[PDB]
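Listed here are the chains, written in short residue letters.
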Amino acid sequence: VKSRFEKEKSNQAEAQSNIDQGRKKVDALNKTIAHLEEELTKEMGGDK
Amino acid sequence: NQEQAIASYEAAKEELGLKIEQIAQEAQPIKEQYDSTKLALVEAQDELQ
Amino acid sequence: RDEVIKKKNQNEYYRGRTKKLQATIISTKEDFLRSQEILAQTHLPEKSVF
Amino acid sequence: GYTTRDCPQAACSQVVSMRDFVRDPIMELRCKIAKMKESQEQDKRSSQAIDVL
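Determination of this PDB entry was carried out by cryo-EM to a resolution of 5.6 Å, according to the record.

Below you can see the structure in the form of structure tokens.
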């Protein structure tokens with residue numbers, strides 16, 4: 001039973017690590033897309 | 001889609017945390033009777049000797 | 001001994017995560033093959049845009 | 001149906017019953033080490049082959 005509990009806790013820790021990796025990756029990606037969306041599109045769009 | 005996956009991961013994390021909580025709650029008494037049997041067995045062995 | 005058993009369990013769920021990441025990267029290689037399949041058709045821009 | 005039967009394996013000639021058999025830890029020790037080594041070698045070859053691609 002202790003082995004099963006530590007297994008479930010380890011799976012929980014791995015899920016938390018996956019959540020942290022995904023959230024930090026998506027935050028960096030959102031920063032990149034915010035930086036690059038208006039890199040050159042703003043001039044053409046405002047002109048149009 | 002990454003945010004959707006992260007939300008699903010969070011839901012799974014919370015539900016599995018509830019699962020581990022109930023598992024610990026039911027498992028601690030097992031350790032309790034294990035300790036009680038240990039004390040009973042060692043006392044019985046001492047009295048026997 | 002209990003800590004060693006816990007560390008064995010650590011090693012083995014790390015092995016499980018290794019298998020999971022191997023599945024992820026085989027999926028990525030299939031995606032790469034599909035990318036080459038898309039690359040097979042050229043889609044060259046016309047020679048007379050300008 | 002037979003009280004004593006010849007040992008099926010070669011390099012010997014004798015008849016044994018149920019009660020002569022005892023557990024041999026060496027056999028499952030060999031089985032476990034063989035399974036673990038084959039698992040590690042399969043993982044290594046698969047990882048290297050994927051690294052090739």
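Visitor: Would you explain the overall build of chain A in this entry?
Guide: Assigned secondary structure in chain A consists of two helices and zero strands. Once the C-alpha set of chain A is aligned to its principal axes, its extents read approximately 70 × 10 × 5 Å. The 48 residues of chain A split such that 15% are buried. Within the structure as shown, chain A displays about 3,700 Å² of accessible surface, and the carbon and sulfur contribution to it stands at 59%. Between the centroid of the 10 positive side chains of chain A and the centroid of its 10 negative side chains there is a distance of 10 Å.

Visitor: Is there a simple way to think about the packing of helix α1 (residues 2-37) of chain A against helix α1 (residues 2-40) of chain C in this case?
Guide: A pair of packed helices is characterised by two quantities: the angle between their axes and the separation of those axes. Two elements in contact, α1 of chain A and α1 of chain C, have axes separated by 11 Å at closest approach and are oriented at 45°. In terms of orientation, α1 of chain A and α1 of chain C fall into the oblique class. For α1 of chain A against α1 of chain C, the interelement crossing comes out right-handed. Listed contacts from α1 of chain C to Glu 6, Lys 7, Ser 10, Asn 11 and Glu 14 of chain A of α1 of chain A are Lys 6, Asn 9, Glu 12, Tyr 13, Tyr 14 and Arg 17 of chain C. Broken down by class, the residue content of the contact of α1 of chain A with α1 of chain C amounts to two nonpolar, three polar and six charged.

Visitor: Would you mind going over the interface of chain C and chain D with me for this structure?
Guide: The parts lose accessible area when they come together, and the size of an interface is often stated as this lost area. Contacts between chain C and chain D engage six residues on the former and five residues on the latter. Here chain C packs against chain D, burying approximately 440 Å² in sum over the two surfaces, 57% of which is carbon and sulfur. When the area that chain C buries against chain D is broken down by residue, the three leading residues are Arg 15, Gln 22 and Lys 29 of chain C, summing to 74%. Taken together, chain C and chain D are joined by one salt bridge. Linking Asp 43 of chain D and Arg 15 of chain C is a salt bridge whose minimum nitrogen-to-oxygen distance equals 3.1 Å. Where chain C meets chain D, there are one residue pair in polar contact.

Visitor: Sorry if this is basic, but what is going on with the interface of chain A and chain B here?
Guide: Counting residues at the interface gives 15 residues for chain A and 15 residues for chain B. Of all residues in chain A, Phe 5, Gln 12 and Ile 19 of chain A bury the most surface against chain B, accounting for 44% of the area lost on that side. Our count for the chain A to chain B interface comes out at zero salt bridges. Applying the counting rule to chain A against chain B returns two residue pairs in polar contact.

Visitor: Just checking my understanding: could you explain the arrangement of the chains for this structure?
Guide: By contact count, the leading pair among the three pairs of chains in contact is chains A and B. At the level of C-alpha atoms, the two units chain B and chain C stay apart, their nearest approach being 14 Å. If you take every C-alpha in chain B and every C-alpha in chain D, the smallest gap between them is 25 Å, and the two do not touch.

Visitor: So what exactly am I meant to see when it comes to the pattern of salt bridges here?
Guide: Opposite charge on two side chains permits pairing when their charged atoms draw close. Residue and element names in this part refer to chain C. Summed over the entire model, instances satisfying the criterion amount to six salt bridges over all chains. For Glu 37, the salt bridge is made with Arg 34, and the minimal N-O distance between the two is 2.9 Å. Taken as a pair, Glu 37 and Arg 34 lie in helix α1 at a separation of three residues, close to a single helical turn.

Visitor: How should I be thinking about the state of the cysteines in this particular structure?
Guide: By definition, a disulfide links the sulfur atoms of two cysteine residues through a covalent bond. What the rule picks out here adds up to zero disulfides over all chains. You can see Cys 7 of chain D has no disulfide; the closest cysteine sulfur is in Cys 12 of chain D, sitting 3.8 Å from it.

Visitor: I keep staring at the environment of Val 22 of chain D and nothing clicks. Help me out?
Guide: Residue and element names in this part refer to chain D. Positionally, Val 22 belongs in the loop between β2 (15-16) and α1 (25-52). The class of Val 22 is exposed, set by a relative accessible area of 72%. In this structure, the C-alpha to C-alpha distance between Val 22 and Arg 45, residues 23 residues apart in sequence, is 38 Å.

So, how was this worked out
- Residues numbered from 1 in each chain as written, not as in the entry; some residues may be left out.
- Chains lettered and ligands numbered in written order.
- Part of a larger assembly, values for the part shown.
- Heavy atoms only, no water.
- Helix = DSSP H or I, 4+ residues; strand = E, 2+ residues; numbered from the N terminus.
- Buried < 20%, exposed > 50% of the residue type's maximum accessible area, 1.4 Å probe, protein only.
- Areas by Shrake-Rupley, 256 points an atom, 1.4 Å probe, with all protein chains shown as cover.
- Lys, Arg positive; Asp, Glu negative; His and termini not counted.
- Charge placed at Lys NZ, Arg CZ, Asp CG, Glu CD.
- Axes fitted to C-alpha atoms, helices over the stretch in contact; angles between N-to-C directions.
- Parallel < 35°, antiparallel > 145°, perpendicular 65-115°, else oblique.
- Left-handed = near helix turned anticlockwise from the far one by under 90°.
- Contact = heavy atoms within 4.5 Å.
- Nonpolar A, V, L, I, M, F, W, Y, C, P; charged D, E, K, R; others polar.
- Buried area = accessible area lost by both parts, 1.4 Å probe.
- Salt bridge = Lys/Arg side-chain N within 4 Å of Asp/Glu carboxyl O.
- Polar contact = N/O pair within 3.5 Å; in protein donor to acceptor, adjacent residues only side chain to side chain.
- Disulfide = S-S within 2.5 Å.

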